[PDB]
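> Below is the file work_38.cif, which contains mmCIF, N, CA, C and O atoms.
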data_target
loop_
_atom_site.label_atom_id
_atom_site.label_comp_id
_atom_site.auth_asym_id
_atom_site.auth_seq_id
_atom_site.Cartn_x
_atom_site.Cartn_y
_atom_site.Cartn_z
N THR A 1696 -34.65 -120.04 14.95
CA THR A 1696 -34.18 -119.69 16.28
C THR A 1696 -35.17 -118.82 17.05
O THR A 1696 -35.07 -118.73 18.27
N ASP A 1697 -36.12 -118.20 16.36
CA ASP A 1697 -37.04 -117.26 16.98
C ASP A 1697 -38.47 -117.75 16.79
O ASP A 1697 -38.73 -118.75 16.12
N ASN A 1698 -39.40 -117.01 17.40
CA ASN A 1698 -40.81 -117.32 17.22
C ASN A 1698 -41.40 -116.56 16.04
O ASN A 1698 -42.63 -116.51 15.88
N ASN A 1699 -40.55 -115.93 15.23
CA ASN A 1699 -41.03 -115.30 14.01
C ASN A 1699 -41.47 -116.38 13.02
O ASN A 1699 -40.71 -117.31 12.75
N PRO A 1700 -42.68 -116.28 12.48
CA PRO A 1700 -43.23 -117.40 11.70
C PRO A 1700 -42.58 -117.59 10.34
O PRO A 1700 -42.48 -118.72 9.86
N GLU A 1701 -42.15 -116.51 9.71
CA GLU A 1701 -41.66 -116.61 8.34
C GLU A 1701 -40.23 -117.14 8.27
O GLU A 1701 -39.84 -117.73 7.26
N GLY A 1702 -39.45 -116.95 9.33
CA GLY A 1702 -38.04 -117.31 9.27
C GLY A 1702 -37.83 -118.79 9.49
O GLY A 1702 -38.24 -119.36 10.50
N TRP A 1703 -37.19 -119.43 8.51
CA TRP A 1703 -36.80 -120.84 8.55
C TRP A 1703 -35.49 -121.06 7.82
O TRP A 1703 -35.49 -121.48 6.66
N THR A 1704 -34.37 -120.96 8.54
CA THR A 1704 -33.04 -120.53 8.08
C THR A 1704 -32.63 -120.92 6.66
O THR A 1704 -32.68 -122.09 6.29
N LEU A 1705 -32.23 -119.91 5.88
CA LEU A 1705 -32.03 -119.99 4.44
C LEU A 1705 -30.87 -120.92 4.12
O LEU A 1705 -29.71 -120.55 4.36
N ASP A 1706 -31.19 -122.10 3.57
CA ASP A 1706 -30.21 -123.15 3.25
C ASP A 1706 -29.41 -123.52 4.49
O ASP A 1706 -28.22 -123.20 4.61
N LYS A 1707 -30.08 -124.17 5.43
CA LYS A 1707 -29.66 -124.32 6.82
C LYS A 1707 -28.42 -125.18 7.02
O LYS A 1707 -27.73 -125.55 6.07
N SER A 1708 -28.13 -125.50 8.29
CA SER A 1708 -26.78 -125.75 8.77
C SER A 1708 -26.24 -127.10 8.31
O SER A 1708 -26.85 -127.79 7.49
N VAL A 1709 -25.17 -127.54 8.98
CA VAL A 1709 -23.93 -128.11 8.43
C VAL A 1709 -24.08 -128.91 7.14
O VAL A 1709 -23.22 -128.82 6.25
N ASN A 1710 -25.17 -129.68 7.00
CA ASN A 1710 -25.51 -130.42 5.79
C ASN A 1710 -25.63 -129.46 4.62
O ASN A 1710 -26.16 -128.35 4.77
N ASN A 1711 -25.11 -129.87 3.46
CA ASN A 1711 -24.95 -129.02 2.28
C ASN A 1711 -26.27 -128.50 1.73
O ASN A 1711 -26.29 -127.48 1.03
N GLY A 1712 -27.37 -129.19 2.01
CA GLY A 1712 -28.66 -128.73 1.54
C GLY A 1712 -28.93 -129.02 0.08
O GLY A 1712 -29.65 -128.25 -0.56
N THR A 1713 -28.37 -130.09 -0.46
CA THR A 1713 -28.53 -130.46 -1.86
C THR A 1713 -28.96 -131.92 -1.94
O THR A 1713 -28.28 -132.80 -1.40
N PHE A 1714 -30.08 -132.18 -2.61
CA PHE A 1714 -30.52 -133.55 -2.82
C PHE A 1714 -29.68 -134.30 -3.84
O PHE A 1714 -29.74 -135.53 -3.89
N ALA A 1715 -28.91 -133.59 -4.66
CA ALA A 1715 -28.37 -134.16 -5.87
C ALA A 1715 -29.29 -134.05 -7.06
O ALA A 1715 -28.94 -134.54 -8.14
N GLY A 1716 -30.46 -133.44 -6.89
CA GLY A 1716 -31.41 -133.28 -7.98
C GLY A 1716 -32.00 -131.89 -8.06
O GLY A 1716 -32.88 -131.64 -8.89
N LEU A 1717 -31.56 -130.98 -7.19
CA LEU A 1717 -32.07 -129.62 -7.24
C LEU A 1717 -31.19 -128.72 -8.10
O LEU A 1717 -31.70 -127.84 -8.81
N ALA A 1718 -29.87 -128.92 -8.03
CA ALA A 1718 -28.87 -128.34 -8.94
C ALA A 1718 -28.87 -126.81 -8.94
O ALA A 1718 -28.66 -126.17 -9.98
N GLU A 1719 -29.12 -126.21 -7.79
CA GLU A 1719 -29.11 -124.76 -7.67
C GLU A 1719 -28.44 -124.35 -6.37
O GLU A 1719 -28.30 -125.14 -5.43
N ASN A 1720 -28.02 -123.08 -6.33
CA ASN A 1720 -27.69 -122.46 -5.05
C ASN A 1720 -28.94 -121.94 -4.37
O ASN A 1720 -28.92 -121.58 -3.19
N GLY A 1721 -30.06 -121.91 -5.10
CA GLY A 1721 -31.31 -121.43 -4.57
C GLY A 1721 -32.30 -122.53 -4.26
O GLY A 1721 -32.67 -123.33 -5.12
N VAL A 1722 -32.72 -122.57 -2.99
CA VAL A 1722 -33.75 -123.50 -2.54
C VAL A 1722 -34.96 -122.73 -2.02
O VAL A 1722 -36.11 -123.11 -2.26
N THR A 1723 -34.70 -121.58 -1.39
CA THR A 1723 -35.42 -121.04 -0.24
C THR A 1723 -36.94 -121.02 -0.30
O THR A 1723 -37.59 -121.81 0.40
N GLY A 1724 -37.52 -120.17 -1.14
CA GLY A 1724 -38.97 -119.98 -1.22
C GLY A 1724 -39.71 -119.69 0.07
O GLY A 1724 -40.93 -119.83 0.10
N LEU A 1725 -39.01 -119.28 1.13
CA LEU A 1725 -39.52 -119.29 2.50
C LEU A 1725 -40.66 -118.33 2.77
O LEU A 1725 -41.59 -118.69 3.50
N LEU A 1726 -40.60 -117.13 2.24
CA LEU A 1726 -41.41 -116.02 2.73
C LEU A 1726 -42.80 -116.07 2.11
O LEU A 1726 -43.27 -117.11 1.65
N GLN A 1727 -43.49 -114.92 2.18
CA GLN A 1727 -44.88 -114.71 1.75
C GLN A 1727 -45.84 -115.72 2.38
O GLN A 1727 -46.27 -116.69 1.75
N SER A 1728 -46.11 -115.52 3.68
CA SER A 1728 -47.08 -116.27 4.46
C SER A 1728 -48.44 -116.36 3.79
O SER A 1728 -49.11 -117.40 3.85
N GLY A 1729 -48.88 -115.28 3.14
CA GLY A 1729 -50.11 -115.33 2.39
C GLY A 1729 -49.90 -115.98 1.03
O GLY A 1729 -49.31 -115.38 0.12
N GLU A 1730 -50.37 -117.21 0.89
CA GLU A 1730 -50.39 -117.83 -0.42
C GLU A 1730 -51.57 -117.28 -1.22
O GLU A 1730 -52.50 -116.72 -0.64
N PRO A 1731 -51.55 -117.40 -2.55
CA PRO A 1731 -52.72 -117.00 -3.33
C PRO A 1731 -53.90 -117.92 -3.07
O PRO A 1731 -53.76 -119.01 -2.52
N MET A 1732 -55.07 -117.46 -3.49
CA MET A 1732 -56.32 -118.17 -3.28
C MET A 1732 -56.34 -119.45 -4.10
O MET A 1732 -55.82 -119.50 -5.22
N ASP A 1733 -56.90 -120.51 -3.53
CA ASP A 1733 -56.81 -121.85 -4.10
C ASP A 1733 -58.11 -122.18 -4.82
O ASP A 1733 -59.19 -122.04 -4.25
N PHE A 1734 -57.99 -122.62 -6.07
CA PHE A 1734 -59.15 -123.10 -6.81
C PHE A 1734 -59.13 -124.61 -6.96
O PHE A 1734 -59.70 -125.14 -7.92
N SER A 1735 -58.45 -125.31 -6.06
CA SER A 1735 -58.49 -126.76 -5.99
C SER A 1735 -58.76 -127.25 -4.58
O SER A 1735 -58.69 -128.45 -4.32
N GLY A 1736 -59.06 -126.34 -3.67
CA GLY A 1736 -59.29 -126.67 -2.28
C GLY A 1736 -60.73 -127.04 -2.01
O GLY A 1736 -61.46 -127.48 -2.90
N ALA A 1737 -61.13 -126.86 -0.76
CA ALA A 1737 -62.47 -127.23 -0.34
C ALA A 1737 -63.51 -126.28 -0.92
O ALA A 1737 -64.62 -126.69 -1.27
N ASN A 1738 -63.16 -125.00 -1.03
CA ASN A 1738 -64.06 -123.99 -1.58
C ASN A 1738 -63.87 -123.79 -3.06
O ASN A 1738 -64.00 -122.66 -3.55
N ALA A 1739 -63.53 -124.84 -3.81
CA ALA A 1739 -63.19 -124.66 -5.21
C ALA A 1739 -64.41 -124.37 -6.06
O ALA A 1739 -64.36 -123.48 -6.92
N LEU A 1740 -65.51 -125.09 -5.83
CA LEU A 1740 -66.68 -124.99 -6.70
C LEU A 1740 -67.30 -123.61 -6.64
O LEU A 1740 -67.74 -123.08 -7.67
N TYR A 1741 -67.30 -122.99 -5.47
CA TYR A 1741 -67.91 -121.67 -5.33
C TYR A 1741 -67.11 -120.61 -6.06
O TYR A 1741 -67.68 -119.75 -6.75
N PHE A 1742 -65.78 -120.72 -6.00
CA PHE A 1742 -64.91 -119.80 -6.73
C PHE A 1742 -65.03 -120.01 -8.23
O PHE A 1742 -65.06 -119.03 -8.99
N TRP A 1743 -65.07 -121.26 -8.67
CA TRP A 1743 -65.22 -121.54 -10.09
C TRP A 1743 -66.56 -121.07 -10.62
O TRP A 1743 -66.63 -120.56 -11.74
N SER B 1454 -35.43 -115.06 -15.40
CA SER B 1454 -35.43 -113.88 -14.55
C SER B 1454 -35.79 -114.29 -13.11
O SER B 1454 -36.61 -113.67 -12.43
N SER B 1455 -35.14 -115.36 -12.65
CA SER B 1455 -35.24 -115.76 -11.25
C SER B 1455 -34.32 -114.87 -10.44
O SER B 1455 -33.22 -114.54 -10.88
N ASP B 1456 -34.79 -114.50 -9.25
CA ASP B 1456 -34.08 -113.71 -8.24
C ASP B 1456 -33.57 -112.39 -8.79
O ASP B 1456 -32.54 -111.89 -8.32
N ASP B 1457 -34.26 -111.80 -9.76
CA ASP B 1457 -33.72 -110.67 -10.50
C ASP B 1457 -33.94 -109.35 -9.78
O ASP B 1457 -33.13 -108.43 -9.94
N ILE B 1458 -35.00 -109.24 -9.01
CA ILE B 1458 -35.32 -107.98 -8.34
C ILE B 1458 -35.39 -108.24 -6.84
O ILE B 1458 -35.71 -109.35 -6.39
N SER B 1459 -35.02 -107.23 -6.07
CA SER B 1459 -34.75 -107.45 -4.65
C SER B 1459 -34.87 -106.14 -3.90
O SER B 1459 -34.19 -105.16 -4.21
N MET B 1460 -35.72 -106.14 -2.87
CA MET B 1460 -35.88 -105.00 -1.99
C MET B 1460 -34.97 -105.16 -0.78
O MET B 1460 -34.85 -106.26 -0.23
N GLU B 1461 -34.34 -104.07 -0.37
CA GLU B 1461 -33.41 -104.08 0.77
C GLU B 1461 -33.67 -102.83 1.59
O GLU B 1461 -33.07 -101.77 1.34
N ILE B 1462 -34.57 -102.94 2.57
CA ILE B 1462 -34.82 -101.83 3.48
C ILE B 1462 -33.62 -101.63 4.39
O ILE B 1462 -33.02 -102.58 4.89
N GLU B 1463 -33.22 -100.37 4.55
CA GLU B 1463 -32.20 -99.99 5.52
C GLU B 1463 -32.91 -99.49 6.77
O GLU B 1463 -33.81 -98.65 6.69
N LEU B 1464 -32.53 -100.02 7.93
CA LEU B 1464 -33.06 -99.51 9.18
C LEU B 1464 -32.09 -98.43 9.66
O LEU B 1464 -31.25 -97.95 8.90
N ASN B 1465 -32.21 -97.99 10.92
CA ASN B 1465 -31.34 -96.95 11.45
C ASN B 1465 -29.89 -97.42 11.54
O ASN B 1465 -28.96 -96.63 11.35
N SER B 1466 -29.69 -98.70 11.82
CA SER B 1466 -28.35 -99.28 11.86
C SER B 1466 -28.20 -100.56 11.05
O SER B 1466 -27.08 -100.86 10.62
N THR B 1467 -29.26 -101.32 10.83
CA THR B 1467 -29.18 -102.60 10.14
C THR B 1467 -29.96 -102.56 8.84
O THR B 1467 -30.52 -101.53 8.45
N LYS B 1468 -29.97 -103.69 8.15
CA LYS B 1468 -30.71 -103.83 6.91
C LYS B 1468 -31.15 -105.28 6.73
O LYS B 1468 -30.61 -106.19 7.36
N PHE B 1469 -32.15 -105.48 5.87
CA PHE B 1469 -32.76 -106.78 5.64
C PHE B 1469 -33.06 -106.89 4.15
O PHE B 1469 -33.98 -106.23 3.65
N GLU B 1470 -32.31 -107.72 3.44
CA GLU B 1470 -32.47 -107.86 1.99
C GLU B 1470 -33.33 -109.07 1.69
O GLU B 1470 -32.91 -110.22 1.88
N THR B 1471 -34.55 -108.83 1.21
CA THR B 1471 -35.37 -109.88 0.65
C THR B 1471 -35.19 -109.91 -0.87
O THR B 1471 -34.52 -109.06 -1.45
N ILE B 1472 -35.81 -110.90 -1.51
CA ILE B 1472 -35.65 -111.08 -2.95
C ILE B 1472 -36.87 -111.84 -3.45
O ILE B 1472 -37.50 -112.59 -2.70
N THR B 1473 -37.23 -111.61 -4.72
CA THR B 1473 -38.42 -112.25 -5.27
C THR B 1473 -38.20 -113.73 -5.57
O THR B 1473 -39.18 -114.46 -5.75
N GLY B 1474 -36.95 -114.18 -5.64
CA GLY B 1474 -36.69 -115.60 -5.64
C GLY B 1474 -37.07 -116.23 -4.32
O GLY B 1474 -37.48 -117.40 -4.28
N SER B 1475 -36.95 -115.48 -3.23
CA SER B 1475 -37.47 -115.90 -1.94
C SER B 1475 -38.95 -115.57 -1.77
O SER B 1475 -39.51 -115.89 -0.72
N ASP B 1476 -39.58 -114.92 -2.75
CA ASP B 1476 -41.02 -114.69 -2.66
C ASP B 1476 -41.81 -115.39 -3.76
O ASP B 1476 -42.50 -116.37 -3.48
N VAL B 1477 -41.66 -114.98 -5.02
CA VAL B 1477 -42.72 -115.17 -6.01
C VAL B 1477 -42.29 -116.22 -7.01
O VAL B 1477 -41.22 -116.09 -7.64
N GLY B 1478 -43.11 -117.25 -7.17
CA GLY B 1478 -42.89 -118.23 -8.22
C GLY B 1478 -43.54 -117.81 -9.52
O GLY B 1478 -43.33 -118.44 -10.56
N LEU B 1479 -44.34 -116.75 -9.46
CA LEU B 1479 -44.97 -116.19 -10.64
C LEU B 1479 -44.03 -115.19 -11.28
O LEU B 1479 -43.49 -114.30 -10.61
N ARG B 1480 -43.81 -115.34 -12.58
CA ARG B 1480 -42.63 -114.83 -13.26
C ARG B 1480 -43.10 -114.12 -14.52
O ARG B 1480 -43.50 -114.78 -15.49
N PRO B 1481 -43.09 -112.79 -14.55
CA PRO B 1481 -43.58 -112.07 -15.73
C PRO B 1481 -42.61 -112.17 -16.88
O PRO B 1481 -41.45 -111.74 -16.78
N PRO B 1482 -43.03 -112.75 -18.00
CA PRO B 1482 -42.10 -113.00 -19.11
C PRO B 1482 -41.91 -111.76 -19.97
O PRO B 1482 -42.80 -110.92 -20.12
N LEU B 1483 -40.70 -111.65 -20.53
CA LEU B 1483 -40.37 -110.55 -21.42
C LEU B 1483 -41.15 -110.62 -22.73
O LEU B 1483 -41.53 -109.57 -23.26
N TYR B 1484 -41.39 -111.82 -23.25
CA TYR B 1484 -42.48 -111.99 -24.20
C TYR B 1484 -43.77 -111.72 -23.44
O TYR B 1484 -44.13 -112.50 -22.56
N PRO B 1485 -44.51 -110.64 -23.76
CA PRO B 1485 -44.93 -109.87 -24.94
C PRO B 1485 -43.94 -108.87 -25.55
O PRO B 1485 -44.16 -107.68 -25.42
N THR B 1486 -42.84 -109.37 -26.12
CA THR B 1486 -41.71 -108.68 -26.75
C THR B 1486 -42.07 -107.44 -27.59
O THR B 1486 -41.27 -106.50 -27.67
N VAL B 1487 -43.26 -107.45 -28.21
CA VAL B 1487 -43.85 -106.26 -28.83
C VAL B 1487 -43.84 -105.09 -27.85
O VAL B 1487 -44.25 -105.22 -26.70
N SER B 1488 -43.39 -103.93 -28.34
CA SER B 1488 -42.82 -102.86 -27.52
C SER B 1488 -43.77 -102.30 -26.47
O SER B 1488 -44.99 -102.47 -26.54
N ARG B 1489 -43.16 -101.69 -25.45
CA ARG B 1489 -43.76 -100.83 -24.43
C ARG B 1489 -44.58 -101.62 -23.40
O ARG B 1489 -45.10 -101.05 -22.43
N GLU B 1490 -44.63 -102.94 -23.53
CA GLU B 1490 -45.27 -103.78 -22.52
C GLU B 1490 -44.50 -103.75 -21.21
O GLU B 1490 -43.34 -104.17 -21.13
N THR B 1491 -45.15 -103.25 -20.16
CA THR B 1491 -44.56 -103.12 -18.85
C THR B 1491 -44.92 -104.33 -18.00
O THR B 1491 -45.86 -105.07 -18.31
N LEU B 1492 -44.17 -104.53 -16.92
CA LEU B 1492 -44.25 -105.73 -16.10
C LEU B 1492 -44.59 -105.36 -14.66
O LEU B 1492 -44.69 -104.19 -14.30
N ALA B 1493 -44.75 -106.39 -13.83
CA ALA B 1493 -45.12 -106.21 -12.44
C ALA B 1493 -44.34 -107.20 -11.57
O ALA B 1493 -43.98 -108.28 -12.03
N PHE B 1494 -44.09 -106.81 -10.32
CA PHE B 1494 -43.41 -107.68 -9.37
C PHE B 1494 -44.02 -107.48 -7.99
O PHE B 1494 -43.53 -106.68 -7.19
N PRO B 1495 -45.09 -108.20 -7.67
CA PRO B 1495 -45.75 -108.00 -6.38
C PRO B 1495 -45.00 -108.65 -5.23
O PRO B 1495 -44.48 -109.76 -5.33
N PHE B 1496 -44.97 -107.94 -4.11
CA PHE B 1496 -44.42 -108.45 -2.86
C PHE B 1496 -45.58 -108.59 -1.89
O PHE B 1496 -46.14 -107.59 -1.44
N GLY B 1497 -45.95 -109.82 -1.58
CA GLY B 1497 -47.10 -110.02 -0.72
C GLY B 1497 -46.80 -109.86 0.76
O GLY B 1497 -46.22 -110.77 1.37
N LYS B 1498 -47.20 -108.72 1.32
CA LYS B 1498 -47.23 -108.45 2.76
C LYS B 1498 -45.84 -108.60 3.40
O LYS B 1498 -45.63 -109.43 4.28
N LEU B 1499 -44.90 -107.80 2.91
CA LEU B 1499 -43.54 -107.87 3.41
C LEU B 1499 -43.46 -107.32 4.83
O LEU B 1499 -43.42 -106.11 5.04
N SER B 1500 -43.45 -108.23 5.80
CA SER B 1500 -43.43 -107.88 7.22
C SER B 1500 -41.98 -107.70 7.64
O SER B 1500 -41.24 -108.67 7.80
N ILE B 1501 -41.58 -106.45 7.83
CA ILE B 1501 -40.18 -106.16 8.09
C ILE B 1501 -39.94 -106.06 9.59
O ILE B 1501 -40.45 -105.15 10.27
#
Could you show the structure in this file as structure tokens?

Amino acid sequence: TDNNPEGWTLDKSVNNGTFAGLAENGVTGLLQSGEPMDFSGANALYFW
Amino acid sequence: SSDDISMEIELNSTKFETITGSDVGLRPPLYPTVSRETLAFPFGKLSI
């Protein structure tokens, strides 16, 4: 609803939010905009 | 130990409860069961 980047409503509206294969009340994983550093990306060889 | 620890800042009138199930997929195991081994729970850049 806002221009805040991290917010993407936790288990969102009317649809139950279950594939039939997730089997949890927890889906979210939304936050922490900073992911860890990638050793499979474009800069992988230099890091390795 | 999914969603086991959770920070909840109180503001002057409101509050915002985050949780490491909503943050960290990295999960410090209780094994190294051999005594006195301490653990860590990093929160990456919690923008409140």
> Let's see if you can do this: from backbone DSSP, list all strand (DSSP E) residues in chain B, as a count of residues only.
6
> If we draw a sphere of 8 Å around (-33.8, -108.7, 0.9), which residues have at least one atom in it when counting only C-alpha atoms? Please report them as a list in words.
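All residues meeting the 8 Å criterion around (-33.8, -108.7, 0.9) are residues 1459, 1460, 1461, 1462, 1469, 1470, 1471 and 1472 of chain B.
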> Chain A residues within 6 Å of chain B, counting all atoms listed in the file: which ones, as number ranges by chain?
A: 1723-1729
> Around all of stretch 1475-1482 of chain B's listed atoms, make the axis-aligned box with 6 Å on each side and tell me centre and edge lengths in Å to one decimal, as lines of an AutoDock Vina configuration file.

center_x = -41.0
center_y = -114.7
center_z = -10.4
size_x = 20.0
size_y = 19.5
size_z = 31.4
> Tell me, in Å to one decimal, how far atom CA of residue A:1720 is from atom N of residue A:1706.
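Atom N of residue A:1706 lies at a distance of 9.3 Å from atom CA of residue A:1720.
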> So how far away is atom O of residue A:1700 from atom C of residue A:1737, in Å?
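A separation of 24.8 Å between them.
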> Please list, as an MDAnalysis selection string, the residues that have an atom at most 4.5 Å away from (-32.4, -125.7, -2.3) in the coordinates of this file, counting all atoms listed in the file.
chainID A and resid 1712 1721:1722
> Would you put the residues from that selection into a file with N, CA, C and O atoms, as a short mmCIF file (atom, residue, chain, number, x, y, z; two decimals), keeping the file's coordinate frame?

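Okay, this is what ended up in again30.cif:
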data_model
loop_
_atom_site.label_atom_id
_atom_site.label_comp_id
_atom_site.auth_asym_id
_atom_site.auth_seq_id
_atom_site.Cartn_x
_atom_site.Cartn_y
_atom_site.Cartn_z
N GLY A 1712 -27.37 -129.19 2.01
CA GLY A 1712 -28.66 -128.73 1.54
C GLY A 1712 -28.93 -129.02 0.08
O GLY A 1712 -29.65 -128.25 -0.56
N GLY A 1721 -30.06 -121.91 -5.10
CA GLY A 1721 -31.31 -121.43 -4.57
C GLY A 1721 -32.30 -122.53 -4.26
O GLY A 1721 -32.67 -123.33 -5.12
N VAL A 1722 -32.72 -122.57 -2.99
CA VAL A 1722 -33.75 -123.50 -2.54
C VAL A 1722 -34.96 -122.73 -2.02
O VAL A 1722 -36.11 -123.11 -2.26
#
> For the atom pair atom O of residue A:1713 and atom O of residue B:1457, what is the interatomic distance in Å to one decimal place?
26.3 Å
> Any idea what's packed within 7 Å of residue A:1743, counting all atoms listed in the file, ignoring anything in its chain fewer than 4 positions away? Could you give it as a tab-separated table (two decimals) with N, CA, C and O atoms, keeping the file's coordinate frame?

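Dumped to selection_33.tsv:
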chain	number	residue	atom	x	y	z
A	1734	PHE	N	-57.99	-122.62	-6.07
A	1734	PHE	CA	-59.15	-123.10	-6.81
A	1734	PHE	C	-59.13	-124.61	-6.96
A	1734	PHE	O	-59.70	-125.14	-7.92
A	1738	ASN	N	-63.16	-125.00	-1.03
A	1738	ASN	CA	-64.06	-123.99	-1.58
A	1738	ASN	C	-63.87	-123.79	-3.06
A	1738	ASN	O	-64.00	-122.66	-3.55
A	1739	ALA	N	-63.53	-124.84	-3.81
A	1739	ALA	CA	-63.19	-124.66	-5.21
A	1739	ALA	C	-64.41	-124.37	-6.06
A	1739	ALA	O	-64.36	-123.48	-6.92
> Selection in question (the file shown): the PyMOL selection byres ((chain B and resi 1481) around 7). Which residues does it include, as a list in words?
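Answer for the PyMOL selection byres ((chain B and resi 1481) around 7): residues 1454, 1478, 1479, 1480, 1482, 1483, 1484, 1492 and 1493 of chain B.
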